[PDB]
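A short worksheet on the structure shown next.
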Amino acid sequence: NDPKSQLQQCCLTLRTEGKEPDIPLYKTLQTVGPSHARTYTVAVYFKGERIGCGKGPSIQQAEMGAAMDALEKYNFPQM
């Protein structure tokens with residue numbers, strides 16, 4: 001496990017029939033920076049709608065910032 005429990009529980013509620021299994025899930029990105037320095041960024045996408053944004057060192061820390069933000073950035077259900 002690793003994702004926030006609230007996010008996991010919410011994913012279950014998002015069920016759509018007669019369409020494709022579209023659900024906003026977490027996916028670790030790749031660290032890319034101008035300097036040799038490494039930067040970790042985690043983003044959550046919903047049918048092309050961003051609802052997460054937060055940068056940090058470790059992945060866990062990055063998830064915490066974006067995880068809380070996603071609560072106030074939720075839009076209409078499975079469209």
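Because the Cβ atoms are built from the backbone with ideal geometry, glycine has one as well, and the counts that use them run over all protein chains shown. Every number here is computed from the coordinates shown, using simple stated rules; none is lab data.
Against the criterion of being over 20 Å from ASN1 (Cα atoms) and not hydrophobic (A, V, I, L, M, F, W, C), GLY56 does not qualify. Sub-8 Å Cβ pairs linking a first residue in segment 62-79 that is without any contact (Cβ under 8 Å) to a residue 60 or more places away in the chain to a second residue that is among the polar types (S, T, N, Q) and outside any helix (DSSP H, G or I), at least 6 apart or interchain, are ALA62/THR41, ordered by first then second residue.
A count restricted to segment 59-71 and to residues that are crowded, with 17+ Cβ neighbours inside 10 Å and not aliphatic (A, V, I, L, M) stands at 1.
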